[PDB]
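Before I ask anything, here is the structure I am working with.
Every residue, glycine as well, gets a Cβ built from its backbone with ideal geometry; the counts of neighbours run over all protein chains shown. Coordinate-derived values only; no laboratory data.
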There are 2 protein chains.
Amino acid sequence: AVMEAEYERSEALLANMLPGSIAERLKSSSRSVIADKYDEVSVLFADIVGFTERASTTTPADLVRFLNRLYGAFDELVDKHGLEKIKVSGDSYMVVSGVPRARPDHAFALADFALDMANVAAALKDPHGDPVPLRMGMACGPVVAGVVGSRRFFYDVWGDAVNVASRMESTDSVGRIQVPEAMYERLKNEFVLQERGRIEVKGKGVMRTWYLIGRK
Amino acid sequence: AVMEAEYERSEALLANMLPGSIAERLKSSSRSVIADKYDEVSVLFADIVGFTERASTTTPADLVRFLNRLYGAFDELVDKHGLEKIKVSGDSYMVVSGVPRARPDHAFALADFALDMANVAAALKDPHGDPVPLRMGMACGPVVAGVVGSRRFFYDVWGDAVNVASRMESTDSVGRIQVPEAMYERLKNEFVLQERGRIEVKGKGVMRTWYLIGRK
Ligand SMILES: CNc1ccccc1C(=O)O[C@H]1[C@@H](O)[C@H](n2cnc3c(=O)[nH]c(N)nc32)O[C@@H]1COP(=O)(O)OP(=O)(O)OP(=O)(O)O
Ligand SMILES: CNc1ccccc1C(=O)O[C@H]1[C@@H](O)[C@H](n2cnc3c(=O)[nH]c(N)nc32)O[C@@H]1COP(=O)(O)OP(=O)(O)OP(=O)(O)O
Ligand SMILES: [Mn+2]
Ligand SMILES: [Mn+2]
Ligand SMILES: [Mn+2]
């Protein structure tokens, strides 16, 4: 009986770290590599503005604790919208819509998620009592998802979509949700958007950028 | 009988994904943040040069299989040196020296590892037949190592050192190991170092940087 409550603890943690399907895949003995092509997924990057500056007022341990509190809020939100959190690179938080079950409304869900996230972040304050500014940028396109390496692995996504969302985040103005022109073309029918214009993005040149404002 | 076999695969997967002690800490009902202070550790960042362009000549999933091959070789090299692999995120590979057990020779061991890694990578070729260039950066200092957020728990390490180790990689010239002055002072007695000079790093200002050339 205690064998099955430790198995329960173990299965719950395993389910927490990998998507069910990927976990099932690893539990088989398939020496084959996990690498799946997906035609159309949407990817969002969120990054706190001017984080290393908080190194003056907060200790490193209180900065990790702040991260854990804030990402607990966002995590609660990816469960609410039922989207896929991939990873966290220190200050960035990555959410993907369309993996591993693709859905046709991925672009809309990641749009709603983005807006919902924004309000929530506006509501939080950093450990020193100041607001938490976010740069957010999203994108859509083809992606490869899978697992690399033998230990310390996770489910990761790579692709053209993650590159141009990355650029939408790095080049965003604070507190705004930047979308590229192809996702604007996809979103203009249910969301309100305001043009930002031409921007230079590394590896892609210059493209049109729009701001996500709210629902129609 | 099958409910101890499934449990054996499940615990085994959990074994490879997390440090043992962290697995149990996550399985307990501790409401406390998993954040352990470590005094002196060194962090290495490696990133492949011009990886996105290879999508022209190789299909995306074959690149995942290559990635998995290259980073598998590196995982072997960290067992050889007895260091701590943290993660591989897209193109990036982070190794830590000094956790969980600190060693007086942590910076020397991560220096030898950087060099051994550069030789193994110089010997390898991409699926298209071209070389694989790396950008490498190292740093040492105090680190908070742990798990943040409520879904997709990953054992990660944070701090000033990881910040400047990333800046040392992203700002490096290809095929070189950029280290800042605080590590140059540490290594200069057993390694050969060549000054690159003063460069601007976000969140740190301007720092004098050195290249690790080889063992004395
Ligand atoms: C003293 N610095 C810290 C103390 C405790 C915890 C974290 C840090 C810290 O420096 O985190 C930074 C990265 O090391 C840390 N970190 C970043 N990427 C990674 C990563 O990939 N892995 C790990 N383990 N840590 C990472 O994120 C932080 C922000 O880096 P940004 O590039 O986002 O700069 P910024 O200050 O936000 O201004 P801007 O981004 O708006 O331009
Ligand atoms: C269409 N491109 C691909 C096809 C198949 C598999 C991977 C890719 C691919 O683009 O991988 C990159 C990200 O999509 C993907 N990526 C995945 N997650 C992330 C992420 O979280 N942040 C960023 N910036 N990139 C990510 O892994 C790679 C990160 O690449 P870099 O930004 O380092 O570009 P580079 O070519 O090495 O240029 P440079 O090093 O000389 O500057
Ligand atoms: Mn930031
Ligand atoms: Mn960041
Ligand atoms: Mn990268």
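Tally time: how many residues in segment B:178-216 are under 23 Å from A:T52 (Cβ atoms) and touching a strand residue (DSSP E or B) at 6+ places or on another chain (Cβ under 9 Å)?
Of the residues in segment B:178-216, 20 are under 23 Å from A:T52 (Cβ atoms) and touching a strand residue (DSSP E or B) at 6+ places or on another chain (Cβ under 9 Å).
Something else: Is there a residue being of a type in the set (D, E, K, R) and either within 26 Å of A:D36 (Cβ to Cβ) or in a loop (DSSP other than H, G, I, E, B) (or both) anywhere in segment A:193-202?
For segment A:193-202, residues of a type in the set (D, E, K, R) and either within 26 Å of A:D36 (Cβ to Cβ) or in a loop (DSSP other than H, G, I, E, B) (or both): present.
Are any residues in segment A:135-152 closer than 30 Å to B:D79 by Cα and either within 7 Å of chain B (Cβ to nearest Cβ) or surrounded by fewer than 24 Cβ atoms within 10 Å (Cβ to Cβ) (or both), and if so, which ones?
Selection gives A:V144, A:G146, A:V147, A:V148, A:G149, A:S150, A:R151, A:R152.
Let me ask you something else. Does A:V157 fit the bill of being more than 16 Å from ligand 4 (Cβ to nearest atom), assigned to a strand (DSSP E or B) and closer than 28 Å to A:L63 by Cβ? Break it down into steps so the answer makes sense when it comes.
Numbers: more than 16 Å from ligand 4 (Cβ to nearest atom): yes; assigned to a strand (DSSP E or B): yes; closer than 28 Å to A:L63 by Cβ: yes.
Answer is yes for this residue.
Go through the residues of segment B:107-120 one by one and say whether even a single one is more than 16 Å from ligand 4 (Cβ to nearest atom), outside any strand (DSSP E or B) and at the interface with another protein chain (Cβ under 10 Å from one of its Cβ atoms).
Pass one, segment B:107-120, residues more than 16 Å from ligand 4 (Cβ to nearest atom): B:107-120.
Still in the list and also outside any strand (DSSP E or B): B:107-120.
Subsequent filtering for residues that are at the interface with another protein chain (Cβ under 10 Å from one of its Cβ atoms) retains none.
Checked against the condition, which is being more than 16 Å from ligand 4 (Cβ to nearest atom), outside any strand (DSSP E or B) and at the interface with another protein chain (Cβ under 10 Å from one of its Cβ atoms), segment B:107-120 yields no hits at all.
This table checks each residue for (1) closer than 26 Å to A:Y38 by Cβ; (2) crowded, with 17+ Cβ neighbours inside 10 Å; (3) within 16 Å of ligand 5 (Cβ to nearest atom); (4) of a type in the set (A, V, I, L, M).
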{"residue": "A:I48", "(1), (2), (3), (4)": "no, yes, no, yes"}
{"residue": "A:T59", "(1), (2), (3), (4)": "no, no, no, no"}
{"residue": "A:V64", "(1), (2), (3), (4)": "no, yes, no, yes"}
{"residue": "A:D75", "(1), (2), (3), (4)": "yes, yes, no, no"}
{"residue": "A:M94", "(1), (2), (3), (4)": "yes, yes, yes, yes"}
{"residue": "A:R101", "(1), (2), (3), (4)": "yes, no, no, no"}
{"residue": "A:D105", "(1), (2), (3), (4)": "yes, no, no, no"}
{"residue": "A:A111", "(1), (2), (3), (4)": "yes, yes, no, yes"}
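Taking the residues in segment B:162-185 that are within 14 Å of another protein chain (Cβ to nearest Cβ) and more than 22 Å from B:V120 (Cα to Cα) as candidates, determine which candidate is nearest to ligand 2 (Cβ to nearest atom).
Quick first cut of segment B:162-185, residues within 14 Å of another protein chain (Cβ to nearest Cβ) only: B:162-167, B:169-170.
If we keep only those that are more than 22 Å from B:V120 (Cα to Cα) too, we end up with B:162-164, B:167.
On the way: B:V162: 15, B:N163: 16, B:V164: 18, B:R167: 14 Å.
Only one residue fits best here, namely B:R167.
So which residues in segment B:186-216 are on the phi < 0 side of the Ramachandran plot, more than 21 Å from the chain's Cα centre (by Cα) and within 14 Å of chain A (Cβ to nearest Cβ), if there are any at all?
B:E200, B:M207 - these are the residues of segment B:186-216 that are on the phi < 0 side of the Ramachandran plot, more than 21 Å from the chain's Cα centre (by Cα) and within 14 Å of chain A (Cβ to nearest Cβ).
Return yes when A:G159 is within 14 Å of another protein chain (Cβ to nearest Cβ), closer than 17 Å to A:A109 by Cβ, of a type outside the set (A, V, I, L, M, F, W, C) and touching a strand residue (DSSP E or B) at 6+ places or on another chain (Cβ under 8 Å) and no when it is not.
So A:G159 fails the test.
So which residues in segment B:72-126 are away from ligand 1 (no atom under 16 Å from the Cβ) and aromatic (F, W, Y)?
Hits for segment B:72-126 are B:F74, B:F108, B:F113.
Would you please list the contacts, defined by Cβ atoms under 9 Å and residues six or more apart or on different chains, that run from a residue in segment A:43-59 that is facing chain B (nearest Cβ under 9 Å) and aromatic (F, W, Y) to a residue that is outside any strand (DSSP E or B) and within 16 Å of ligand 5 (Cβ to nearest atom)?
A:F51/A:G90; A:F51/A:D91
For the list (1) away from ligand 3 (no atom under 16 Å from the Cβ); (2) under 13 Å from the mean Cα position of the chain (by Cα), I need the number of the one condition that B:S89 fails.
Condition (1) is where B:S89 drops out.
Let me ask another. Determine if segment A:24-34 includes at least one residue that is within 23 Å of A:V179 (Cβ to Cβ), within 16 Å of ligand 2 (Cβ to nearest atom) and either surrounded by 15 or more Cβ atoms within 10 Å (Cβ to Cβ) or more than 7 Å from every other protein chain (Cβ to nearest Cβ) (or both). Talk me through it step by step, then tell me what you get.
Start the filter on segment A:24-34 by keeping residues that are within 23 Å of A:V179 (Cβ to Cβ), which leaves none.
There is no residue in segment A:24-34 that is within 23 Å of A:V179 (Cβ to Cβ), within 16 Å of ligand 2 (Cβ to nearest atom) and either surrounded by 15 or more Cβ atoms within 10 Å (Cβ to Cβ) or more than 7 Å from every other protein chain (Cβ to nearest Cβ) (or both).
Which of the residues belonging to segment A:65-98 are part of a helix (DSSP H, G or I), touching a residue at least 60 places away in the same chain (Cβ under 8 Å) and more than 7 Å from chain B (Cβ to nearest Cβ)? Give the steps one after another, and end with the answer.
Of the residues in segment A:65-98, the ones part of a helix (DSSP H, G or I) are A:65-81.
Keeping just the survivors that are touching a residue at least 60 places away in the same chain (Cβ under 8 Å) gives A:65-66, A:70.
Residues satisfying the conditions are A:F66, A:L70.
Could I ask something else about it? Filter segment A:5-23 down to the residues that are surrounded by fewer than 14 Cβ atoms within 10 Å (Cβ to Cβ) and facing chain B (nearest Cβ under 7 Å) and list them by number.
A:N16
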